[PDB]
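Positions of Cβ are generated from backbone atoms using ideal geometry, with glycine treated the same way; all protein chains shown enter the neighbour counts. Each reported figure results from applying straightforward, stated rules to the coordinates on display, with no laboratory input.
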C-alpha cells in the first residue's frame, strides 16, 4: 500500500537521524570504553551482575536493521550502557568516570534530537 511505503520512509528517515545521534554520542567516548560488548571470555561472571548488557556496536546493529521505532527506544539502549557501567564498576574507576562524562555530554545531544523528532514528526 501507499501508506506502508510512507511509513517505511518515516522509519528510514528516523534511522538516518538516529545514525547521526549515535555518531555524536560515540564521539563523547573517545577512549572507546563503550564501543563493544563486555567480553565474557575476559569477564566471565558479567551476566551474573548485569542482566541486559549493551554497547555501541550492538546499538549500531539494531539501528541498521531499522530496529528502533522511536527515539525513546534508542535512548533506552543508551541509558543501559551508562547505567550498567555505573553499577558494575566502582566510583573510583576510569570506567565509571567515562560513563558519567558520556551521560553529561550526551544529554545535550539528546535534548535536541528530541526536539528534531517531535518537529520533523
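Computed from the C-beta positions of residue 76 and residue 2 and an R0 of 25 Å, the FRET efficiency is 0.20 to the nearest 0.05. Compared with the dominant principal axis of the Cα atoms in the chain, helix 2-27 is inclined by about 30°. For the pair residue 31 and residue 11 in one chain, pulling the backbone fully straight at 0.36 nm per residue adds 4.1 nm over the alpha carbon distance. Rounded to the nearest Å, what's the spacing between the alpha carbon centres of the range 13-77 and the range 82-108? Just the number, please. Taking the Cα centre of the range 82-108 as reference, the centre of the range 13-77 is 14 Å away.
The sum of -39500 (n - 2.57) across all DSSP H runs of n ≥ 4, divided by the residue count of the chain, sets its helix-only mean residue ellipticity at 222 nm to -23000 deg cm²/dmol. Measuring nothing but how far apart in sequence close Cα pairs (under 8 Å, 6+ apart) lie, relative to its length, the chain scores a relative contact order of 30 percent. Rounded to the nearest 10 degrees, the inclination of helix 71-88 to the longest alpha-carbon principal axis of the chain is 0 degrees.
Using only Cα atoms, tell me the angle between helix 94-120 and the longest principal axis of the chain; keep it within 0 to 90° and round to the nearest 10. For 94-120 against the chain, the angle is about 10 degrees.
The overall shape of the range 70-121 is oblate: from the C-alpha gyration tensor, with semi-axes ordered a ≥ b ≥ c, the ratio a/c is 1.5 or greater and a/b is no larger than b/c.
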